[PDB]
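Asker: Based on what follows, work out the 3D shape:
(chains A, B, C, D, E, F, G and H)
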Amino acid sequence: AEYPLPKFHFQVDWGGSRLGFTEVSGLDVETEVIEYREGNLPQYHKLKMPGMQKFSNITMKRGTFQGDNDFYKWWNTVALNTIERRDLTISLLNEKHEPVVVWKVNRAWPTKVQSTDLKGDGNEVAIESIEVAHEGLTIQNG
Amino acid sequence: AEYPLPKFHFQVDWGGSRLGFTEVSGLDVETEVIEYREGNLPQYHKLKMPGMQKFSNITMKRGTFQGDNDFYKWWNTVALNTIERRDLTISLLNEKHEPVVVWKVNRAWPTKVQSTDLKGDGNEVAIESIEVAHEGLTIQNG
Amino acid sequence: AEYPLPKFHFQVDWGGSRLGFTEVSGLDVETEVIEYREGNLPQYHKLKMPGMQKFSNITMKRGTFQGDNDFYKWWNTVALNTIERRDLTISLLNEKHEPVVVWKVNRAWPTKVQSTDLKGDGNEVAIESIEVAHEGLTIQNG
Amino acid sequence: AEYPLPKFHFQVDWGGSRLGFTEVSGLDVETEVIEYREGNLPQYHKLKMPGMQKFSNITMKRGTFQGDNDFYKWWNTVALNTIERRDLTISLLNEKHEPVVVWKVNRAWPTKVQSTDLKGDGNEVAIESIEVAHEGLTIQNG
Amino acid sequence: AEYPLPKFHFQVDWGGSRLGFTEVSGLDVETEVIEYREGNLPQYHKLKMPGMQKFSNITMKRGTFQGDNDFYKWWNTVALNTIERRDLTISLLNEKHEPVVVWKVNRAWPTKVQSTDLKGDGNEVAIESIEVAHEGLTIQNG
Amino acid sequence: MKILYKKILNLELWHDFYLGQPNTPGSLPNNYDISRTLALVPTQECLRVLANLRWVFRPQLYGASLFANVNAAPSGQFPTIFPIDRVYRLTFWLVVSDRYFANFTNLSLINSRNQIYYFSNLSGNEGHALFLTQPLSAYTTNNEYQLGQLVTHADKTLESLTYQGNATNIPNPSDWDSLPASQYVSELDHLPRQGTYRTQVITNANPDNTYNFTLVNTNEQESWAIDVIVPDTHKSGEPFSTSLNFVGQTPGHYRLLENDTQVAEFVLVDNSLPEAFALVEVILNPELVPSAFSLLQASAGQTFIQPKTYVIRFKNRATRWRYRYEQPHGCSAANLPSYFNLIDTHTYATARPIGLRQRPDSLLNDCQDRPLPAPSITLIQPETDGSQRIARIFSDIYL
Amino acid sequence: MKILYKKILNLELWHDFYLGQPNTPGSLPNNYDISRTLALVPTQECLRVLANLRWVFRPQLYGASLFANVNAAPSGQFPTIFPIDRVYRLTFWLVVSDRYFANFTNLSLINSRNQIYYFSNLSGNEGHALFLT
Amino acid sequence: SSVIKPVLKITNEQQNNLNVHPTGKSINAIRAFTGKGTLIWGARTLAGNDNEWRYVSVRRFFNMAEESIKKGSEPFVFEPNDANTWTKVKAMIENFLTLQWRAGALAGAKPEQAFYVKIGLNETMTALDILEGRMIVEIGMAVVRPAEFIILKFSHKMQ
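Answerer: Residues are numbered from 1 along each chain as shown, chains lettered A, B, ... in the order given. This is the structure:
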């Protein structure tokens, strides 16, 4: 309550079987600026007012396990213009595992899935990524 | 008065509940150049005169605390083309905490809010950012 | 089954004589977003729905041996608009050499072949690369 | 005040079920000029006075949905020289979902209907258009 | 629902073997306007009423295959003022490979056939086009 | 333009989770703070009324304050810019910020989601402070007290430790604790909350008659009225239900009457702030608030300010502490602290309830003389009786 | 709207590859798990019938369970929202996840690719358990 | 459709007693109008004096919404009764209500004025409810209501 929070203890509800994600990025909101000026205004710069909103895609990365094929499962539910949409919840936890900051996403479906690359000299774990589109985002703190 | 000033002791009045910002950048002013030359001028380069003014957006970064949801609060007061505008004051303090340089911003409303990213291996604090548009800026020193 | 997998023990079936590849990259799938909004919608951002699919080219790198001229052999089977197409299989193996993750490629023909560069001061092995186009990809895990 | 209105939040009453379009254009009024000069006038250019009025056709565009065949329905009510005429209302809405500027169109009937074009490589939504003739137009602001 | 349809999955019944095209355009209907005004009318603009109907020609484009000479076959069945007329059906398909929107074209015969152009530097497929005249068109949705 | 402001009201909120029990209450310490647990919020009517009166609201580290705009007289008395000689009414929401609040606050554990608390300056209770709560009842003989009840007796305040179906002539010292004399919050402030639509039932519905329903607020002003006409095919004597709408009223305490008879009493709510915890009302009326609580004097055709300080106070909860183990502990009934009770080889619990504090002064020692950690405030375990009554409340510590 | 649910079925699956032979069978240990070797999957008819009956299916670490929607009576007996007094039939697929399963499971080594196993509650065999074999 | 005529003719004076009655029981009419065919005229329930359940469409909509909420919040049976589940449930309910608002079913300028959801220890629940295993959620919604009566007033213009 008095200390600033760290950024390494979180969880994601995505209607998937397993949990334990490595990276989650892309949480933004924006509004466009509209500008205006008429000829007789004594200042020689413009006036500004709000416009339309814009939201970003969300990226998630996790490690690969035997028997788990969930990213592909969700991506592959796509017909011509129909797909299975889900509600997404992201929460940041503190030392006593209590949800402190919550991000609520609306109508999210997977737009991209990327698998790992194979290197004969690579001493690292295999990681996979998913990219998701949505129609809304909301922040709740305290 | 004889020494040059450092750049790590400052404060921001933004009509918000808490204080203690990490980074503040974007404080600029500019005027456009207009060029002109007629055919019979003995020099073969142009003449220059002042034009219109231009101002930049301002970015601020701060750390995340439990119970504080102020950036989102201000951003979320937006109707179709109406929003709550505020007067912004930024001041640089010296060793005895006396305001020395003051920047006064006119009509500022938040255009963008970005939250932190989550890393399972990140040993750092979570930081959030806001980007603000305005219709004026003025500098006062001494 | 409980541990995450590494990324350095794999094999490739490509209808070629030899095996032992160094690098394999390019395994992705994607769908395009279509956006829509009508004038009287109370939200001022757009709706999103799925579109067409897209697949990437695949790159493979291996070391050069005396007597082996297989990349060139496959590339050189090209007539005006006809070529020899093959089914490609990529598999990731675990400690006991059991196929765990399988990528199945459909109708793949080589679009590019690059040989090594020669340096009078280069203390490295000579490596060659191939780039392949295909009309489909499928993931099988567990 | 000091800020003007945007152009993306509107609605149309036309007698059909849906109330959301993507484009509405064609809202104009005009009067012809008549010119006159007699031989002994000290100025050597003409005098001008008002004449007859002229109105334009109105175009509307919207996206295609399963089960909705309303443009065709209205167009197809045409006998030899008789047709079903309707009163048209167009309104530009505000934050409180109310009307600010209203266009009232008198005696409208559809003169043209255009369906979408089909492209094997087109990643866009299908859109249809209607063109309407009328015998009057009136503007109401404030 | 809330989502519209895309424009890239369709089929054409025209009497020939293949059922796949790359472009289909020209689907329109129109009625002329007749205008009238008498001298003593208090308004100084005209009254409007419906007139005669008008239909457009339809254009179709497809790629060239060995052994297929169907456009020419249909065009070449022309005697002095007699020709073979066909019923044309165009349908926009859905995920279940069914029809949603149907255009029925009555008494069609080919008025024009255009073959591809030959370029020594052209990296594209060869495409051919046909242009068709008809005596009627009808739309069926839902 | 000279503008003079003077404090006119003090509103304080106390909690024994931080303060404890002082042997004689005075003021709060210098480091007191609840700015992260409780908050006061003016309503809309309150805002416009404060605007009309030229008064200023201000939050504080202990509560809030009000400032009035006055004129500087030579006498030392401070008159308002104009005489405030009508009746006025000011309301405030009380909102909770700290989760787990209902665990350390000694509230009723009975399921109540249609009720709300209420505090006012029409409660008397002027003892060692100006308490906005109702006066605590007295300890009597032959009554029924639930576990958790606070009463008054012999210059002291008594807390209940167990269920008693019939009382004694003299307090049984194994059922009651002994605290200093003060007032707190109790179940005497738990009023039923209501929204916009009501279902009212008339008993012995008589088709030959009518009924006039009315609503009366704290200032004894009628605010609302309708009529209901029972149809002439209704068999006389059965109940009859009707629907009522209070859409245009301002939230607050009201009494619903039918033809010169009280039928109901409730706090009306408009769901402007649905998650509010309590409501506070402050009244300006020279006839209803006694002189120990009023804030304005009237003399010489003017009004003069009198600053005051009102107090609300919450008592902490008390639980029995139970130490639980993973592997067996070797302590016995013959080597453990006398204040303990051995349950089994992995468990022992205190014999009397202890009060939850943030900085509990002294901790308990083990049979091997070692300090034991205090409980946490995340979980409490009430145990129901055969008759589905609360019998005990524990806090578990896993070692 | 009060909705009360109560467990109505226990389905367990045992394997001696993990358990061994206890001298007298009781319950499973506290760390039992086959969630990565065997799985129960309702069919489509099963899904719509469970919907009509207002029952809920749930996988478990040892098998699965069913929950019924009941009314709280004073007697301690729990009646269903309505009388289920007709004949009903519920089916489930049993799927194997672990390869090499046919090596440690004591099955018949004779080539049978046109046969399948079958278990029911019409087999009697009520000894120290309710055996579906 | 496929109708010739009603068997009886109803007037406005009879409609006054069919539509409103002191007992609340209401009768919706089917009437013929010159040039328009035969139309359904009246949309009230048998509880026509009830300020909440006067109209058919409001009750049917409420039935639909609560059924969808039940189906959405069924999977959490036999899950831990703690803050995380409460967060997830609230998210699901709010997303459904937002989708309903944006189609024109609910009144309000934003989703903050159209509905609210309350679930938690300081909202609708207590420790006793945690021990019992009960979850309580409160949902408020503002629906749009129709216009039944249109009144026209005529005058002679001053001249």
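Asker: And the strands in the stretch 51-200 of chain F?
Answerer: Counting by DSSP state E, counting those that start in this stretch, the segments of the stretch 51-200 of chain F that form strands are F:55-59, F:63-70, F:88-96, F:115-119, F:130-131, F:150-153, F:156-160, F:176-179, F:190-194, F:197-202.
Asker: which helices and strands sit right next to the third one?
Answerer: Okay, so that is strand F:88-96. Other helices and strands packing on strand F:88-96, by 3 or more C-beta pairs under 8 Å, 6 or more residues apart in numbering or on different chains; DSSP states H and E, are strand F:38-42, helix F:44-53, strand F:278-284. Where you see a C-beta, it was placed from the backbone N, CA and C, and this is true even at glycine.
Asker: Could you do the first one as well?
Answerer: Counting contacts by 3+ C-beta pairs under 8 Å, 6+ apart, the secondary-structure elements packed against strand F:55-59 are strand F:38-42, strand F:63-70.
Asker: one more time with 10 Å, if that's ok
Answerer: Applying 3 or more C-beta pairs under 10 Å, 6 or more residues apart in numbering or on different chains; DSSP states H and E, we find strand F:55-59 packed against strand F:4-15, strand F:38-42, helix F:44-53, strand F:63-70, strand F:88-96.
Asker: Adding mean neighbour count, write these out as a markdown table.
Answerer: What follows is the helices and strands packed on strand F:55-59, written out as a markdown table (neighbours: other C-beta atoms under 10 Å in any protein chain shown):
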| stretch | mean neighbour count |
| --- | --- |
| strand F:4-15 | 18 |
| strand F:38-42 | 17 |
| helix F:44-53 | 14 |
| strand F:63-70 | 19 |
| strand F:88-96 | 18 |
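Asker: Relative to residue E:4, which of the ones you listed is closest?
Answerer: Taking C-beta to C-beta as the criterion, residue E:4 comes closest to helix F:44-53 out of the helices and strands packed on strand F:55-59, the separation being 43.3 Å.
Asker: what separates the residue lying closest to residue F:54 once chain neighbours are set aside from residue F:76, distance-wise?
Answerer: Using C-beta to C-beta, 6 or more residues apart in numbering or on different chains and skipping the chain neighbours, the partner closest in space to residue F:54 is residue F:69 (4.3 Å). The spacing between residue F:69 and residue F:76, counted by C-beta to C-beta, to the nearest Å, is 18 Å.
Asker: one step back: so the residue nearest to residue F:54 versus residue D:46, what's the distance?
Answerer: Using C-beta to C-beta, one obtains 72 Å as the distance from residue F:69 to residue D:46.
Asker: host element of residue H:129?
Answerer: Here residue H:129, judged by DSSP states H and E, is contained in helix H:127-132.
Asker: Is that helix positioned near chain G?
Answerer: No: with C-beta under 10 Å from any C-beta of the partner chain as the threshold, helix H:127-132 lies outside contact range of chain G, at a closest distance of 11.2 Å.
Asker: helices or strands up against that helix?
Answerer: Taking 3+ C-beta pairs under 10 Å, 6+ apart as contact, the helices and strands that helix H:127-132 lies on are strand F:381-384, strand F:390-398.
Asker: Can you confirm whether the last one lies near chain H?
Answerer: Yes: Strand F:390-398 comes into contact with chain H (C-beta under 10 Å from any C-beta), by way of F:390, F:393.
Asker: What strands flank that strand, and is each parallel or antiparallel?
Answerer: Note on strand F:390-398: by DSSP bridges, its sheet partners are strand F:318-324 (parallel), strand F:381-384 (antiparallel).
Asker: Tell me the strands beside the very next helix or strand once past the longest one, with direction?
Answerer: It refers to strand F:318-324. Stepping forward along the backbone from strand F:318-324, the first helix or strand reached (DSSP H and E) is strand F:340-344. The partner list of strand F:340-344 in its sheet, established with DSSP bridges, is strand F:347-350 (antiparallel).
Asker: Can you list the neighbours in contact with the following helix or strand past the strand it pairs with?
Answerer: Secondary structure here is assigned by DSSP H and E; on that basis, the next helix or strand after strand F:347-350 toward the C-terminus is strand F:354-355. The set of residues that contact strand F:354-355 without belonging to it, under C-beta atoms under 10 Å, 6 or more residues apart in numbering or on different chains, is F:16-17, F:20-21, F:104, F:106, F:159, F:177, F:179, F:315-321, F:339, F:360, F:364, F:374-375, F:395.
Asker: give me every residue that touches residue F:387.
Answerer: Contacts for residue F:387 were tallied using C-beta under 10 Å, 6+ apart; they are residue F:163.
Asker: of all of chain A, which residue lies closest to chain G?
Answerer: Among all residues of chain A, residue A:67 sits closest to chain G, at 6.9 Å; criterion: C-beta to the nearest C-beta.
Asker: Could you do the stretch 251-399 of chain F as well?
Answerer: Checked against chain G (C-beta to the nearest C-beta), the nearest residue in the stretch 251-399 of chain F is residue F:388, 12.3 Å away.
Asker: Spit out the contact partners of that residue.
Answerer: Contacts of residue F:388 by C-beta under 10 Å, 6+ apart are residue H:128.
Asker: cool, residue A:22 as well?
Answerer: Under the criterion of C-beta under 10 Å, 6+ apart, the contact partners of residue A:22 comprise A:60-63, A:125, A:127-129, B:118-121.
Asker: ok, the residue nearest to residue F:317 when sequence neighbours are not counted - contacts?
Answerer: The shortest distance from residue F:317 to any non-neighbouring residue, by C-beta to C-beta, 6+ apart, is to residue F:106 (4.4 Å). With contact taken as C-beta under 10 Å, 6+ apart, residue F:106 is in contact with F:16-17, F:148, F:150, F:159, F:184-186, F:314-318, F:355-356.
Asker: if you set the cut-off to 8 Å instead, what comes out?
Answerer: For residue F:106, the contacting residues are F:148, F:184, F:314-318, taking C-beta atoms under 8 Å, 6 or more residues apart in numbering or on different chains as the criterion.
Asker: do the same with residue H:109
Answerer: Applying C-beta under 8 Å, 6+ apart, one finds that residue H:109 lies in contact with B:79, D:95-97.
Asker: Okay, and which of these map to strands?
Answerer: Judged by DSSP state E, the subset of the contacts of residue H:109 located in strands is empty.
Asker: Turn the residues you listed into a markdown table, including distance to residue F:129 and neighbour count.
Answerer: Shown next, in a markdown table, are these (distance: C-beta to C-beta, whole Å; neighbours: other C-beta atoms under 10 Å in any protein chain shown):
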| residue | distance to residue F:129 | neighbour count |
| --- | --- | --- |
| B:79 | 46 | 14 |
| D:95 | 48 | 13 |
| D:96 | 48 | 9 |
| D:97 | 51 | 15 |
